[PDB]
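Student: Residue numbers (UniProt numbering), protein chains in the order written: chain A, 240 to 477; chain B, 1 to 593, 601 to 715.
This structure is in structure tokens; I'll ask about it shortly.
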Amino acid sequence: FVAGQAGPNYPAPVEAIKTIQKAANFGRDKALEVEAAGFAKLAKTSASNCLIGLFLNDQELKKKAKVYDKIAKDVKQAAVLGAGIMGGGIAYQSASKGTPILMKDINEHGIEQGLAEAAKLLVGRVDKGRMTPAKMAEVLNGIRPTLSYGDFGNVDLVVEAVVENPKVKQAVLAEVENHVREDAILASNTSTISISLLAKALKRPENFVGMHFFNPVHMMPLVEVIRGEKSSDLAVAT
Amino acid sequence: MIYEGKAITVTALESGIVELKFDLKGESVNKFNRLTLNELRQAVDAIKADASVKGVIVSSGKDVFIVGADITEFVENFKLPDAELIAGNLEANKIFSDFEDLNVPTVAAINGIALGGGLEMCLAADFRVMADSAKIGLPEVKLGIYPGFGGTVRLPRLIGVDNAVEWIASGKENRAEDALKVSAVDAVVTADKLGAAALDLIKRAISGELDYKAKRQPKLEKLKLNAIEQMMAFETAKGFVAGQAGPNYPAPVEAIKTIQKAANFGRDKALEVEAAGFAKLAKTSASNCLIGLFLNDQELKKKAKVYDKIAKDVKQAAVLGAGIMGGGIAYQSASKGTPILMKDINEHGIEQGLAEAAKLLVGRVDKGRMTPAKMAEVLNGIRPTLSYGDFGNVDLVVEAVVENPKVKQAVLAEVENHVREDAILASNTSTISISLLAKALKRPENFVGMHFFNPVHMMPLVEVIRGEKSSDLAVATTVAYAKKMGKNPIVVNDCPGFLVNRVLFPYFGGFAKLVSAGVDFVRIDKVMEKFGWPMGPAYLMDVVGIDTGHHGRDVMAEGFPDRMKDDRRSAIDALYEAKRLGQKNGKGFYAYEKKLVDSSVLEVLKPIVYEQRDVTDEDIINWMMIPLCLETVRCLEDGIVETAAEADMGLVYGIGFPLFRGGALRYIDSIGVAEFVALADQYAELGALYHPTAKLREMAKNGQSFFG
Ligand SMILES: NC(=O)c1ccc[n+]([C@@H]2O[C@H](COP(=O)([O-])OP(=O)(O)OC[C@H]3O[C@@H](n4cnc5c(N)ncnc54)[C@H](O)[C@@H]3O)[C@@H](O)[C@H]2O)c1
Ligand SMILES: NC(=O)c1ccc[n+]([C@@H]2O[C@H](COP(=O)([O-])OP(=O)(O)OC[C@H]3O[C@@H](n4cnc5c(N)ncnc54)[C@H](O)[C@@H]3O)[C@@H](O)[C@H]2O)c1
């Protein structure tokens, strides 16, 4: 079972079994001798020190992370400019964790697709026994659809999910910076367009950075925080 | 061909099999009128002689299969003497019986809706094939009667006593899936394949594969149940229905008592029991009343087609409020498929709105009545907001702001600047004039009144108030948007109290007088709830709230001083001045800790008890009904409700008028327009609220009635 879901590359998983398999007829003493014997064998394997290195790198990361939290602001009101694929996903993740996120779009049909897939996910688990409907409601209440920037009055961070087009993105982001606060942080989700370029449109590029999510937004872990030449430390930290 | 009528065509087919199709040329649907019964009669006698016949397949040429006969013919038939009516069914059932005793395999191809006699027709056959997109049922009880064409005889023996009692006592339609489970149908197939389904089945019966003689036997003999089992099977059924229907509707229970008698008889004697009871129910002073509602319904539908010619669909609704009424209106709108906005000045407001709007959907999901996938859709339609930024494409707005003319004018006016010009505005006020709140807008033409009730998701009625500056399109749009939310809209001209409220208080006036007359209110509402009312006058004042019934009184006073003014102190005042405010406060006529009689009220109602006049029950009924009815009469003469049918249905949905009585106006007809006038003079010593009108007295002389 393990060999088919782990791979011949990870010795530890299988060695643990072989160990228990040998001491299957011994007492505690002889069992311990089999335990330590295998422990030494794994402590020298190449997969060991590497996995150990991963966690070794994890610590350094969390340490750097703590440096950000010293100036980072807690977005108590998020907002995304889009829906459907990426827009809806970003609106989902934000709500699923406890962050009222807005869903702005130029057409009603767009907001439809956004809420559509954002619903198939929650219900997709309730119809299996993994989430309480009471929770599905809370999540669906955090997401607030809109066709105007009238509710962006208190957004702490905006994520642009508009189509890949520098010309367009500049007109959009610029239009948003007029409604949002001045301390508010803007962000782009582009994957093939320069941030430093999309930043020359804003009148306050300091509060602009890059937040690159992946497809699907609710499955992929990584979220690159791109820093433009005009980006500030606070913008990135946030 | 073998036979050819104007509603039935019997065409021959392969292997001797012959098809009997129900196709009423000229009309849209099929139904057992006087003609069809005669043509089917000849059709059977034709197949009964044709020796080349090897099987019969009953089909339908129209969309639906076979629905109930014309409602108009029903009334005409339910006036004939009991002896003549029984003979009408005794000979009717004979027709279907002959098709049943036909020495040849018979199968029905239910392609579409098969209700009332339609299903009874199929029951006569041996086998039954149904299209998955069809529905079958016996909605006979929806009129105060039960299956008269052998329904109460063949169904119980085909699908079992219990299942039969349900299908009959409820009169609900049944989907394809459920129809097969109870064996009401023998097989379900796609629409296109329904044809061969019948043909293939016939051949498998003729050859002997499917013993049709044995499958037909069950409904030609006594029930299979034990005597002991029968005792329970019926008594429990009776006890169940009687506890969820009420002693006011005979049909539901009579059906059971019928099946209970024929529980040991064959088809013949069973039919004798069916017809016997059918005649008994056809004469009840409840049956024709329910039938009256069916008529009023048809009148509303025809008028409905009028508004549906100038009403723009509301693909984007929006309400200015939340919490109680605002949240409800936002719920109903979304629950039916209409993205509705929720505007509010403070965030806490939107909180309450979405709160209760959530406890409703989740309230059903946690019971197995709604899919979470649906709960999401509904919660996605509701779009909270604190600004008018999203009102750019709203087709209709409903104001749920607190009762305050000054405020409502500032709000509505502010909205008209953001919404389009063709957009329709509306008010949900219950104690404020629309014509007054309309003088603030620069386009009063697009302004009307949409009055919902509490709770918004429970109450059916939705009055469509029309201001002096209101347009026909504005009204029509509101009606359609109301009907689309699964409601029952009825246009009402702007006036203090409108329709429901204008009749509710004069009704409460009789209550106030009773209390002041030393009449125990606990007894009063016990006679009213027995009369048919869901909740008695007293217990009703608590549900609505004394503080509410008090303000509403003042509104009706300044509105109709000539007959609705009062200078004395009623029990309504004794409570408002005793911090007692109803169910919300936990203190009214009863104590609400769920409904107890507390003697701590006697010390408060003393200042109201004037005389100590004696009184029976029949009096209480008149001390209450006379005012309500007479007022309804005025709401028709003065020119408020366009018709009499709409007038009654307005109460049937709003105040919850006893269904087995038809309504306020029809109630007068039940007792007689002329006799009612005399009933008004006997208690005329109680004010103008008990004095008939010059028009009510006149029509009482000509013998005319409201629904003649
Ligand atoms: N292929 C992928 O799935 C993928 C992978 C990685 C990154 N991305 C990033 O995602 C973004 C594109 O998002 P998508 O995949 O949902 O595209 P999409 O075409 O699926 O959806 C575009 C949405 O943006 C809305 N929109 C467009 N212009 C708008 C404006 N001016 N204001 C408001 N709403 C507007 C549209 O109405 C629509 O709802 C890009 O930045 C792209 O680099 C996509
Ligand atoms: N007794 C009842 O329950 C009952 C029965 C019938 C009809 N009504 C009608 O219902 C209405 C009262 O509504 P309610 O029960 O929600 O009152 P409420 O006091 O419970 O709630 C008022 C809500 O309206 C919001 N509001 C106030 N002014 C606003 C504005 N300008 N724009 C947007 N939102 C605004 C408030 O923030 C609040 O959320 C009245 O018209 C009343 O006649 C009530």
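Just so you know, even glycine gets a beta-carbon here, dropped at the ideal spot from N, CA and C.
In angstroms with no decimal places, state the Cα-to-Cα distance between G661 (chain B) and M535 (chain B).
Tutor: Looking at the two C-alpha atoms, the distance is approximately 13 Å.
Student: For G326 (chain A), tell me which candidate among A:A279, A:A355, A:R364, A:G292 has the shortest Cα-Cα distance.
Tutor: Measuring from the Cα of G326 (chain A), the nearest candidate turns out to be A:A355.
Student: Using 8 Å as the limit for Cβ to Cβ distance, is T478 (chain B) near chain A?
Tutor: For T478 (chain B), the answer is no, since every Cβ of chain A falls outside 8 Å of its Cβ.
Student: Could you tell me if the beta carbon of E403 (chain A) falls within a distance shorter than 7 Å of some heavy atom in ligand 1?
Tutor: Result yes, Cβ under 7 Å from ligand 1.
Student: By a C-beta neighbour count over all protein chains shown, 10 Å radius and 16 as the cutoff for buried, is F278 (chain A) buried or exposed?
Tutor: That one is exposed.
Student: When the cut-off is 8 Å and only beta carbons count, does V362 (chain B) lie next to chain A?
Tutor: Closer than 8 Å: yes.
Student: Would a C-beta distance cut-off of 8 Å place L412 (chain A) and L441 (chain A) closer than the cut-off?
Tutor: A contact, by the Cβ cut-off of 8 Å.
Student: Run through DSSP, which three-state label would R569 (chain B) get?
Tutor: Residue state, collapsed to three classes: coil.
Student: Could you pull out every residue in the same chain whose Cβ sits closer than 7 Å to the Cβ of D308 (chain B), ignoring the five residues on either side in sequence?
Tutor: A480, listed in sequence order.
Student: So, with DSSP's three-state summary, where would you put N417 (chain A)?
Tutor: Of the three classes helix, strand and coil, the one that applies to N417 (chain A) here is coil, per DSSP.
Student: If you measure beta-carbon to beta-carbon, which residues of the stretch 325 to 337 of chain A are closer than 9 Å to chain B?
Tutor: Listed by position along the chain: nothing, the set is empty.
Student: Whose C-beta lies closer than 6 Å to the C-beta of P444 (chain B) among residues of the same chain, with five residues either side of it excluded?
Tutor: Same-chain partners within the cutoff: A438, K469.
Student: Let me check understanding here. Comparing Cα to Cα, which of B:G368, B:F65, B:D542, B:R563 lies closest to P506 (chain B)?
Tutor: Nearest of B:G368, B:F65, B:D542, B:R563 to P506 (chain B), Cα basis: B:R563.
Student: Which complete alpha helix (DSSP H) runs does the stretch 250 to 321 of chain B hold, if anything under 4 residues is left out?
Tutor: Correct list: 250 to 261, 267 to 282, 287 to 307.
Student: Quick check for students: name the residue ranges of the beta strand (DSSP E) that lie wholly in the stretch 420 to 463 of chain A, counting only runs of 3 or more.
Tutor: Whole beta strand (DSSP E) segments, 3+ residues: 424 to 427, 447 to 451.
Student: Answer yes or no: the CB of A571 (chain B) versus the heavy atoms of ligand 2, is any distance below 7 Å?
Tutor: Not under cutoff, so the answer is no.
Student: Determine whether the Cβ of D390 (chain B) lies closer than 8 Å to any Cβ atom of chain A.
Tutor: Taking Cβ atoms only, chain A reaches closer than 8 Å to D390 (chain B), which makes this a yes.
Student: Between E377 (chain B) and chain A, is the shortest Cβ-Cβ distance under 8 Å, so that the two count as touching?
Tutor: Chain A, which has a Cβ nearer than 8 Å to the Cβ of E377 (chain B), makes this yes.
Student: State yes or no: is the C-beta of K343 (chain B) nearer than 7 Å to some heavy atom of ligand 2?
Tutor: The answer is yes for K343 (chain B).
Student: Use the C-beta contact count for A214 (chain B): other C-beta atoms within 10 angstroms, 16 or more gives buried, fewer gives exposed.
Tutor: Its Cβ having fewer than 16 others within 10 Å, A214 (chain B) is exposed.
Student: Who are the near neighbours of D542 (chain B) in its chain, counting only those whose CB is closer than 8 Å to its CB and skipping five residues on each side?
Tutor: So the qualifying residues of the chain are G582, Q583, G588, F589, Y590, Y592.
Student: If you draw a straight line from the alpha carbon of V67 (chain B) to that of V29 (chain B), how long is it in whole angstroms?
Tutor: Straight-line Cα distance between these residues: approximately 7 Å.
Student: Can you give me the start and stop residues for the beta strand (DSSP E) that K343 (chain A) sits inside?
Tutor: Run containing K343 (chain A): 340 to 343, per the beta strand (DSSP E) assignment.
Student: Out of B:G392, B:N417, B:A373, B:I382, which one is the CA nearest neighbour of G328 (chain B)?
Tutor: Minimum Cα distance to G328 (chain B) is reached at B:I382.
Student: Have a look at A276 (chain A) and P247 (chain A) and give me their C-alpha separation to the nearest angstrom.
Tutor: Taking the straight line joining both Cα atoms gives about 20 Å.
Student: Are the stretch 61 to 81 of chain B and the stretch 115 to 131 of chain B in contact at 8 Å, needing three or more beta carbon pairs?
Tutor: At 8 Å Cβ cutoff, the stretches touch.
Student: Distance check for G586 (chain B) and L635 (chain B), CA to CA, integer angstroms please.
Tutor: Answer to the nearest angstrom: the Cα atoms are 28 Å apart.
Student: Can you pull out the residues from the stretch 417 to 439 of chain A whose beta carbon lies closer than 8 Å to at least one beta carbon of chain B?
Tutor: Hits within the stretch: zero.
Student: For the alpha helix (DSSP H) that residue 799 (chain B) lies in, which residues bound it at each end?
Tutor: This structure cannot settle anything about residue 799 (chain B), because the visible part of chain B is limited to 1 through 715.
Student: Does the stretch 446 to 459 of chain A come close enough to the stretch 415 to 433 of chain A that 3 or more CB-CB pairs lie under 8 Å?
Tutor: They touch, by the three-pair rule.
Student: Tell me, please, whether the CB atom of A373 (chain B) is closer than 8 Å to any CB atom in chain A?
Tutor: True, the Cβ-Cβ gap to chain A drops below 8 Å.
Student: Any C-beta of chain B sitting closer than 8 Å to the C-beta of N380 (chain A)?
Tutor: Cβ-Cβ to chain B under 8 Å: yes for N380 (chain A).
Student: Measure the alpha-carbon distance for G353 (chain B) versus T385 (chain A) and round it to whole angstroms.
Tutor: Rounded to whole angstroms, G353 (chain B) to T385 (chain A) spans 18 Å at the Cα level.
Student: Looking at the structure shown, is residue 595 (chain B) part of a helix, part of a strand, or coil, going by DSSP?
Tutor: Missing from the coordinates: residue 595 (chain B), inside the break in chain B from 593 to 601.
Student: Report yes or no: is there a C-beta of chain A within less than 8 Å of the C-beta of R34 (chain B)?
Tutor: Not an interface residue.
Student: Quick one: residues in its chain with C-beta nearer than 7 Å to the C-beta of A92 (chain B), no 5 flanking neighbours on either side, listed in chain order?
Tutor: If we look at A92 (chain B) and ignore the five residues flanking it on each side, its Cβ neighbours are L37, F149.
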